[PDB]
Amino acid sequence: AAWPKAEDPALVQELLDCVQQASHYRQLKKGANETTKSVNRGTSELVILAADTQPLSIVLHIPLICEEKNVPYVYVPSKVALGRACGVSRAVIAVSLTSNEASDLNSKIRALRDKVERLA
Amino acid sequence: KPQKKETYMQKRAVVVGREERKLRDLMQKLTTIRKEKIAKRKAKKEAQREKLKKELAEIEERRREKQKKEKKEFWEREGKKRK
Amino acid sequence: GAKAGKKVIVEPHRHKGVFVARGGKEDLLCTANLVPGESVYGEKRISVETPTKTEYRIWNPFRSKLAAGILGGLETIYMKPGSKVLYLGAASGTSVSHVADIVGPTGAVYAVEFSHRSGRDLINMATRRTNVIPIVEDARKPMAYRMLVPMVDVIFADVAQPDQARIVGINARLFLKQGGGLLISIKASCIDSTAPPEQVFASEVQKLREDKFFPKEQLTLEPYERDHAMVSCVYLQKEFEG
Amino acid sequence: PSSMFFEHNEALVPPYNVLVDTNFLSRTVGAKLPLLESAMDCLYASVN
Amino acid sequence: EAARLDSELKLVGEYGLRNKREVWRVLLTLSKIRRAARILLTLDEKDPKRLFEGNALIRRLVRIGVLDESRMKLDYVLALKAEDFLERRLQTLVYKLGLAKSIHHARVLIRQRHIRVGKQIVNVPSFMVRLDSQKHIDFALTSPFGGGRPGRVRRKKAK
Amino acid sequence: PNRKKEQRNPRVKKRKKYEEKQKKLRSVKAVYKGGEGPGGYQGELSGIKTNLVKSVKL
Amino acid sequence: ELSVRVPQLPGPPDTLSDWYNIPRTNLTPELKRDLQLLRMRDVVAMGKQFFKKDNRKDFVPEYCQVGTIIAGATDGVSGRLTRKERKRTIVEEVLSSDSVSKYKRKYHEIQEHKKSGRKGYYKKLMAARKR
Amino acid sequence: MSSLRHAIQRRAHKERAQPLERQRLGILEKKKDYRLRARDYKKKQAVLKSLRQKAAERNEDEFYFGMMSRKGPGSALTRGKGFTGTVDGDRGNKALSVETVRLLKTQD
């Protein structure tokens, strides 16, 4: 079902790294409801979805809206490790990041979404 | 010339209604503010247009100055050659 | 908000079929929906007691880039009511329904989508609306729906892919009438995401001219979805229809 | 034109696209100068 | 050169600098860097001078984090510019790291010496930052945001 | 001749002229300015003229 | 199967074929009023909004239908008019809204400044003279 | 030039008000108000003059079709007390014939 899964070899690690960057940089919505609201406001730049979840249907409906908006998403394999990367003290299955158009973080995100677009 | 008689039309006219009267009063005051605002904005637009055409004629005068200097340069550099 | 219940007026816009409804302190855009009375996705709608069967749908720009274009005032959107339109990138069908309501019964729009469940929403709407043909396949291999798509006149495209120009180019090679037309939309961040966007647009339009297209309009849907564009070209002639 | 500002082009960042005109091409051969090298040096960036 | 005028103004306005002196100065820095980039392209590929000197300069730039850790080649060394040098200019980091609401408020903060990098408080807002240091920027202990004394206005209002 | 605050600090004067020019830019072209409203979509909140084309003809 | 037919031989179009049957607009006075409102919608939003300068010499389109904003499924808590709030004509709605106070005040102002000195002032001078 | 002038140098002057032994006789027409009264009097007198040229260069036997379909001014001789030389028209209403009047009466 979750066929655009992210592969292991440190690709997930650059993902979690940029998640840490954006979580410090406040460009971040956290939790699935925040993801849906961000993508339905269209501010989202990219969204990461856990696959380690009690049933996957949540991170199956979220790709429906990001497919409805044509903005990228990617399946991390670990909800716990994603929550730790965000710094929540709690596991998170869905984290999204928006755009702020004056940085090089945006260059990083451009690279990352190029990676996931080549994954798809 | 305005009428001093009173026509059958004017007598047979109906007295208007209250909601109608509120509506018409609103419409009146609406048209007034509309016309005066269009007057202010048209006046300001006209003053800036006149300003700008003054600077266009000024650049025309400068054009004539460079025209004078250039043509005299041409014919002074031309006269000795024919001389 | 132009809240629910406000009496408004509707008039034709410039384009054949689309309508513009003005009112109060806020105007908007609508279309006469073919399928009566029913909303699709919580879109707002409009009823007029004609002197029952007369219903329009408000068209959010920010959800649908064709609507962004109709607000941006395109030159000629090529889609008359009653025209054959290959849509491309038909994700969940909202905009597609709008094009359906444009072309009406005597028109037909071929709605192609890549993924599945956005397909499910699309085909649900395809059951309902009797002029939009569901096609769920890989857009890169149009010989798959070569069985379905006849020669059409107008090509919508809104995919966000690197090979987008070649996608719509072979789809032009396969499914576009002599003197054809197309609207596509482009994101800088998905064609090449470091460069300046105008330069990216010039690269894409030069590509289409290498695909033998005649570029004939461009705009930038500027106050609505940053650094995108809508581009209008004509297939293999300088004039549009014939 | 989008990506523009009050008669400044925010657009043209490196690399730069440069159109050759005919007088220019004749004259740069007539002055015997390497096209890509001299442009790269005078602009201090990459061209085509 | 109205384009020069408006371009310099947009530089300052996007990053609230003070004068075209400071802007032209940073441009001069960029000019020296792109001079280096031109030279190291003038030597052809796989040359040893080219290899070591270009590797050096790219390490310099990524050490101050201006050129991205993604792109590490002389092409992008040419392709850098003033917006990027201003990005690693300091006051911008206070604004993008969320202590001062505005770039001007950040300028005032840097004046009255409330932020530090590592140990020492900073007074010059054009103190260039490093990639290795840029997250270690916070208020000092002596500033009422960081603590210490509550401040003179709190002092007088308590008076 | 007497002058103003706005002149007396050449830090401030390029703040305001940068503000007003950016306001001046908000006359001619179109800036992005966020998405649709967080409460929702509310029409084209300032009108639609039909007969106006703003397309660059290539 | 084949019968005798009927012969039925006894201007500008009335329902536009290429816009899904929009009828020709009936000229009723409240409709005229609504049209005047939507043209002068600038001054209605006094101070807070501005509008695209729609400027023809006429203002009446040949084809228009008065309708109803139906419903917000995603939102109906406050984007829904109340029963008292619902109005027949758009003009009565913008009447029944607020701020018509500020309208009236602007009205007295503009009225005074067009009654600046034109005739009443001259009459009162004439009284100060003849006294 | 235009920075060869001091500040108090460009400080210019302020009009002198009507004296308050007098003000019951009207505001003081200084220069601008005089110019306004002039130009109004001027364009009106030139309109008057052009009309005078026309009325001394009429021809008595003109012929139109208006003269088959308007009243005429005439003179005090036939018009009475109530005569300016205006050519009237209608005000808008005519002899409204009987049958429609009956219809009106039934409605009322």
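Residues numbered from 1 in each chain as written, not as in the entry; some residues may be left out. Chains lettered and ligands numbered in written order. Part of a larger assembly, values for the part shown. Heavy atoms only, no water. Residues with missing side-chain atoms left out of burial classes, pairs and counts.

Novice: Hey, could you run me through the overall build of chain C in this one?
Specialist: If you tally the helices and strands in chain C, you get 6 helices and 12 strands. Taking 242 residues into account, the globule formula puts the C-alpha radius of gyration at 18 Å, and chain C, at 18 Å, falls close to it. Taken along its principal axes, the extent of the C-alpha atoms in chain C is 50 × 40 × 35 Å. (Helix = DSSP H or I, 4+ residues; strand = E, 2+ residues; numbered from the N terminus. Rg over C-alpha atoms; globule rule 2.2 N^0.38 Å.)

Novice: It is not clear to me how the pattern of salt bridges should be interpreted in this structure. Could you clarify?
Specialist: Pairing is possible between side chains that carry opposite charge, provided their charged atoms lie close to one another. Enumeration over the complete set of coordinates arrives at 9 salt bridges over all chains. Across the salt bridge formed by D42(G) and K37(B), the nearest N and O atoms sit 3.1 Å from each other. A residue pair is termed interchain when its members come from two chains, as with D42(G) in helix α2 (residues 41-44) and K37(B) in helix α2 (residues 18-82). Its relative accessible area of 27% is what places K37(B) among the partly exposed residues. Salt bridges here are not isolated pairs; linked through shared partners, they connect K80(C), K177(C) and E241(C). (Salt bridge = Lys/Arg side-chain N within 4 Å of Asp/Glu carboxyl O. Buried < 20%, exposed > 50% of the residue type's maximum accessible area, 1.4 Å probe, protein only.)

Novice: Can you help me understand the interface of chain G and chain F in this one?
Specialist: A common way to state how big an interface is: give the accessible area lost once the parts meet. Each partner contributes residues to the interface: chain G has 5 residues there, and chain F has 5 residues. Taken together, the residues of the side of chain G that touches chain F break down into 2 nonpolar, no polar and 3 charged. (Contact = heavy atoms within 4.5 Å. Nonpolar A, V, L, I, M, F, W, Y, C, P; charged D, E, K, R; others polar.)

Novice: Please explain the sheet that holds strand β1 (residues 7-12) of chain C as it appears in this structure.
Specialist: Backbone-to-backbone hydrogen bonds pair the strands of a sheet. The strands run either parallel or antiparallel. Pairing within the closed barrel is antiparallel, and its 6 strands lie in the order β1(C)-β2(C)-β3(C)-β5(C)-β4(C)-β3(G). Taking each pair of neighbouring strands and ignoring which way they run, the sheet shows an average axis angle of 40 degrees. Two strands pair when backbone bridges link them, and β1(C) and strand β2 (residues 19-22) of chain C are joined in this way by 4 bridges, in the antiparallel orientation. Note that in β2(C) the partner of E11(C) across the bridge is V20(C). (Pairing = 2+ DSSP bridges. Axes fitted to C-alpha atoms, helices over the stretch in contact; angles between N-to-C directions.)

Novice: What am I meant to see in the nonpolar core here?
Specialist: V19(A), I48(A), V74(A), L82(A) and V95(A) are the most contacted members of the largest nonpolar core, which has 36 residues in total. Every element with two or more residues in this core is listed here: α1 (11-24), α2 (32-41), β2 (44-50), α3 (58-69), β3 (73-76), α4 (79-86), β4 (94-98) and α5 (105-119) of chain A. With 6 residues, α1(A) is the largest single contributor of residues to this core. Residues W59(C), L66(C), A68(C) and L74(C) belong to the second largest nonpolar core, which totals 34 residues. (Core = buried A, V, L, I, M, F, W, Y, C linked by side-chain atoms within 4.5 Å.)

Novice: What exactly am I supposed to notice about the interface of chain C and chain G here?
Specialist: Opposite the 36 residues of chain C that make contact, chain G presents 30 residues. Elements supplying a minimum of two residues to the side of chain C that touches chain G: β1, β2, β4 (45-47) and α2 (94-103) of chain C. In terms of residues, the side of chain C that touches chain G owes the most to one element, β1(C), which gives 6 residues. Two strands pair when backbone bridges link them, and β1(C) and strand β3 (residues 65-69) of chain G are joined in this way by 4 bridges, in the antiparallel orientation. The residue bridging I9(C) from the neighbouring strand is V66(G), located in β3(G).

Novice: What should I look at first to understand the packing of α2(A) against α3(A) in this one?
Specialist: A pair of packed helices is characterised by two quantities: the angle between their axes and the separation of those axes. Residue and element names in this part refer to chain A. The contact between α2 and α3 brings their axes to 10 Å, and the two run at 10 degrees. Taken together, the axes of α2 and α3 lie roughly parallel to each other. Between α2 and α3, the contacting residues are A32, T35, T36, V39 and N40 on the first element and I58, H61, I62, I65, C66 and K69 on the second. Grouping the amino acids of the contact of α2 with α3 by side-chain chemistry returns 6 nonpolar, 4 polar and 1 charged. (Parallel < 35°, antiparallel > 145°, perpendicular 65-115°, else oblique.)

Novice: Honestly, the packing of helix α1 (residues 2-14) of chain E against helix α2 (residues 13-28) of chain F in this entry has me stumped. Any pointers?
Specialist: Two numbers describe how α1(E) lies on α2(F): the axes approach to 10 Å, and their chain directions differ by 105 degrees. What the angle tells us is that α1(E) and α2(F) run roughly perpendicular. Two secondary-structure elements touch here, α1(E) through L9(E), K10(E), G13(E) and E14(E) and α2(F) through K17(F), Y18(F) and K21(F). The class makeup of the residues in the contact of α1(E) with α2(F) is 2 nonpolar, 1 polar and 4 charged.

Novice: Hey, could you run me through the arrangement of the chains in this one?
Specialist: Out of 14 pairs of chains that touch, the pair holding the most contacts is chains C and G. One finds no contact linking chain D with chain H; the least C-alpha distance across the pair is 29 Å. With no contact formed, the shortest span from any C-alpha in chain E to any C-alpha in chain H equals 24 Å.

Novice: Quick question: what am I supposed to make of the sheet that holds strand β2 (residues 120-121) of chain E here?
Specialist: Reading across the sheet, the 3 strands line up as β2-β1-β3 (chain E) and stay open at both edges, with antiparallel pairing between neighbours. At either margin of the open sheet sits one strand with a lone partner, and together these are β2 and β3 (137-139) of chain E.

Novice: Sorry, what's going on with the pairing of strand β3 (residues 28-32) of chain C here?
Specialist: Residue and element names in this part refer to chain C. Of all 5 residues that make up β3, 5 are buried, and the element is covered over most of its length. Of the two faces of β3, both are covered, the one formed by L28, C30 and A32 as well as the one formed by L29 and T31. When β2 meets β3, the two strands line up antiparallel, connected through 3 bridges. Considered in β3, the bridge of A21 is made with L28. Where β2 hands over to β3, the hairpin turn is made up of 5 residues, of which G24 adopts a positive phi near 55 degrees.

Novice: I keep staring at the environment of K29(B) and nothing clicks. Help me out?
Specialist: Along the polypeptide, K29(B) turns up in helix α2. As a C-alpha pair, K29(B) and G79(B) span 50 residues in sequence and 75 Å in three-dimensional space. Excluding its chain neighbours within four sequence positions, the residues that come into contact with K29(B) are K104(G) and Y107(G).

Everything listed here is a matter of geometry and, on its own, says nothing about what the molecule does.
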